[PDB]
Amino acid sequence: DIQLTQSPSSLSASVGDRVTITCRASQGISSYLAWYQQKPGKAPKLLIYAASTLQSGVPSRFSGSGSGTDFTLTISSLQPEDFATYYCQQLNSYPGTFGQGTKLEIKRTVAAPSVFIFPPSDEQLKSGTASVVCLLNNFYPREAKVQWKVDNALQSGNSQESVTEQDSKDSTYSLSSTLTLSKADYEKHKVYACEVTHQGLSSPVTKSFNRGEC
């Protein structure tokens, strides 16, 4: 059995930095190893084949090295578009084992989120449920906090969050938090608000609405 130990698991690097990822094989696999780059929601893309041969179309800043057990992938001058998960793969024998993956994050300057609050639609309220959405747009770093408040009571357990994958152009994130409550509960309160806390905000920002365009 050939075991592939790929390290690091994650790594954050600034633009223009030189990034190295290692893959280590349990047995001597000669030059039978490939490197893939996988961007969110897309199929893997072959970067280097035969351990060191760069694939056609792949930029010159990508390079492969190593033979036998220790292999490395280097990105000479990291670009924002280089954000992806990188996988090594042994091509020596079946079952063509892939590495664990290395999630590459682009280090960027801190960017504060742009906060937006959405009341529930009348179409949804007719159905018998209310979903209040809080959007946090284009922020860096990924660590943000959305706190729901309904009549100044801090809501807990009735919200879910979703964060977009890092941007290819500006390297920022976006977060969507949804406070869900029944139509009956929704009409018991007037003020709906989400207070956002982030590194790029000196004071927590609160965007709110009063149920009934008030």
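Numbers follow the displayed sequence, beginning with 1.
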property: Greater mean Cα temperature factor according to the PDB record, 169 to 177 or 57 to 65; result: 57 to 65
property: Given 101 to 109 and 121 to 129, the range whose Cα B-factors average higher in the PDB entry; result: 121 to 129
property: Given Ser182, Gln147, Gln160, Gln38, the residue at which the Cα B factor reaches its maximum; result: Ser182
property: Residue of maximum C-alpha B factor among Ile75, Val115, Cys88, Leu91, per deposited coordinates; result: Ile75
property: Where the record places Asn138 (Cα B-factor, split into thirds across the chain); result: lowest
property: Chain thirds of CA B-factor: placement of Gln199; result: lowest
property: For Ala193, the third of its chain into which the C-alpha B factor falls; result: lowest
property: CA B-factor ranking of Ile21, expressed as a third of its chain; result: lowest
property: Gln155 by Cα B-factor - lowest, middle or highest third of the modelled chain; result: lowest
